[PDB]
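*Asks:* Only the shape, not the letters, is given here:
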RNA sequence: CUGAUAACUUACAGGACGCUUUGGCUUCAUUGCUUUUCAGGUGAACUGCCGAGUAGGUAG
């Protein structure tokens, strides 16, 4: 089904829907159901979220009671974009030591094509990351 | 109340306004165009009665077109005369006493001094009636033109006329009214059963205003001695 | 009854070809063919006159006593091609 | 109710032949553009695994 948001921020709201899809897949140990957004426009991810192959989980039911809900292409994570930040460039060098560290050099000119990260976090640790998703 | 008649394209008129001047047709002919329009509406609405009118001339073009007369009875044509004709395009504004589109079109007179007077079908939209002078003059298209007031300054002579003509070249003398030779009497045959008199043409100079209102609106005044279409101010 | 018509033609001539407008009738006191004209926009332009146009609509009369070609409607209906009078009053 | 009422200007056409504009020429002296000037949104999109790897993949 397609869940259409009608109240806002589509970035930090579609990322919450995937965390419920995340925690569902470790209770039941299933990896079949996938996610895609029909309105994947350049300005924003969109207000439409669909799953193909969840609505009985506690998140989607309580959000349904309020005024806001309704309840080919490939969307894959690109973790090379997580390596392009300068905190991630230092993570890359620490592995290669574990050797001249001054022999390395920055790119000084990089171009990035439409990475669309959705911000999420971990529950095993207290640590944050992003969902850099392209077509 | 003001009624607007735009774009009366006349094909073959007489430029002979007088036995003297050749140019725009006599103002009595413009008065006959208005008063026959007044008289056609009185078939349906019998209280109409136009008081005055205003003329906005575009595009004269006076030419010596000929006129082939028909054969007359021993059958030949009569004697020939040089003919001066003109092609007046003008917008007429009338001050009404107080009407359907079908009534306004079919009551239009179809001649202006022997010339085919017509309005295009695409200009039938612009026959609306207005209550102020400002909205009527902003309503009509074909903006460049003249508004035809009378020139009232001491023309007792042709040398008085030509002195005004050489100062401003576009000053346009014509026939303005009629001057009687004898008081009207009963004749055995007169056109439509009225008293008949014998008159003569009165020549006046005709100005133009850039655009106050009484200088523009023309009307027919009746005196015992003569008849002249004057502006309302004079 | 009113019945306005607006007629408009579309003539496809050859390359660079002649047009034949109407022409004037004046008394003689060098130019041997002078056209009738109006002013359209800011320029002179040949016309085909209003009396010339009305004489073409009224070529109906094919009831004169030896009728072959229709004549222009009028009293004792004349032919200006051959200078004669069909429907002469002796008929 | 308009110097009112009515109105076919038409046909035909060869402007042509010939043509040296040219000579001469100094634009040239002098020259101070200067004084003073915050682009800021950087709390953060982290930490591991695989690989011989400034390649490239994936975990939370």
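*Replies:* Done, it's in. Residues are numbered from 1 along each chain as shown, chains lettered A, B, ... in the order given.

*Asks:* which residues of chain A fall in helices?
*Replies:* A:11-27, A:58-65, A:86-97 (DSSP state H).

*Asks:* ranking those by burial, who's on top?
*Replies:* Of all these, helix A:11-27 has the most neighbours on average by mean count of other C-beta atoms under 10 Å in any protein chain shown, namely a mean of 14. Quick note: C-beta positions are derived from backbone N, CA and C, even for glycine.

*Asks:* helices or strands up against that helix?
*Replies:* The contact analysis (3 or more C-beta pairs under 8 Å, 6 or more residues apart in numbering or on different chains; DSSP states H and E) places helix A:11-27 against strand A:48-52, helix A:58-65, strand A:116-121.

*Asks:* ok and the residue in chain C nearest chain B?
*Replies:* residue C:25 (2.4 Å; C-beta to the nearest C-beta).

*Asks:* Can you report how many residues lie near that residue?
*Replies:* Other residues within reach of residue C:25, judged by other C-beta atoms under 10 Å in any protein chain shown, total 17.

*Asks:* Any chance of the backbone angles for it?
*Replies:* phi -130, psi 100 (degrees, to the nearest 10).

*Asks:* so what's residue 112 up against?
*Replies:* Answering for chain A, as no chain was given. A:81, A:84 (C-beta atoms under 8 Å, 6 or more residues apart in numbering or on different chains).

*Asks:* let's do chain B instead
*Replies:* Contacts here follow C-beta under 8 Å, 6+ apart; on that basis residue B:112 touches B:8, B:10, B:13, B:25, B:29, B:30, B:33, B:88.

*Asks:* and if we set it to 6 Å?
*Replies:* Contacts for residue B:112 (C-beta atoms under 6 Å, 6 or more residues apart in numbering or on different chains) come out as B:10, B:33.

*Asks:* what's the answer for residue B:189, then?
*Replies:* No contacts exist for residue B:189 under C-beta under 6 Å, 6+ apart.

*Asks:* For the residue in chain A positioned nearest to RNA strand D, the count of nearby residues, please.
*Replies:* Closest contact between chain A and RNA strand D, by C-beta to the nearest atom of the strand, is at residue A:129 (2.3 Å). Neighbourhood size, residue A:129 [other C-beta under 10 Å]: 12.

*Asks:* Also residue B:227?
*Replies:* Number of residues near residue B:227 (other C-beta under 10 Å) recorded here: 19.

*Asks:* same thing with residue A:68?
*Replies:* Counted with other C-beta under 10 Å, residues neighbouring residue A:68 total 12.

*Asks:* measure the residue lying closest to the residue of chain A closest to RNA strand D once chain neighbours are set aside to residue B:136 for me?
*Replies:* Closest residue to residue A:129 apart from its sequence neighbours, by C-beta to C-beta, 6 or more residues apart in numbering or on different chains: residue A:120 at 6.5 Å. Residue A:120 is 72 Å from residue B:136, where distance means C-beta to C-beta, to the nearest Å.

*Asks:* So the two - more neighbours on which side?
*Replies:* residue B:136 (18 against 15).

*Asks:* Could you report the separation of that one from RNA strand D?
*Replies:* Noted for residue B:136: a distance of 23 Å to RNA strand D, by C-beta to the nearest atom of the strand, to the nearest Å.

*Asks:* Report the separation between that residue and chain C.
*Replies:* Residue B:136 sits 25 Å away from chain C, taking C-beta to the nearest C-beta, to the nearest Å as the criterion.

*Asks:* State the three-state secondary structure for that residue.
*Replies:* Under DSSP: H, G, I helix; E, B strand; the rest coil, residue B:136 falls in the helix class.

*Asks:* what residues does the longest helix seen in chain B touch?
*Replies:* Assignment by DSSP H gives helix B:27-41 as the longest helix of chain B. With contact meaning C-beta under 6 Å, 6+ apart, helix B:27-41 is reached by B:48, B:50, B:53, B:107, B:109, B:112, B:113, B:176, B:220, B:229.

*Asks:* Which residue comes closest to the most centrally placed residue in chain C once chain neighbours are left out?
*Replies:* Against the mean C-alpha coordinate of chain C, by C-alpha atoms, centre = their mean, the closest residue is residue C:52 at 3.3 Å. Nearest non-adjacent residue to residue C:52, counting by C-beta to C-beta, 6+ apart: residue C:22, 4.7 Å away.

*Asks:* Next: residue B:213.
*Replies:* Distances taken as C-beta to C-beta, 6+ apart put residue B:133 closest to residue B:213, at 6.0 Å, once the chain neighbours are dropped.

*Asks:* ok, now how distant is the one you found from residue B:54?
*Replies:* Computed as C-beta to C-beta, the residue B:133 to residue B:54 distance reads 9 Å.

*Asks:* how close does the closest residue to chain C within chain B sit to residue B:91?
*Replies:* Per C-beta to the nearest C-beta, residue B:66 is where chain B lies closest to chain C, at 2.4 Å. Distance, residue B:66 to residue B:91, by C-beta to C-beta: 30 Å.
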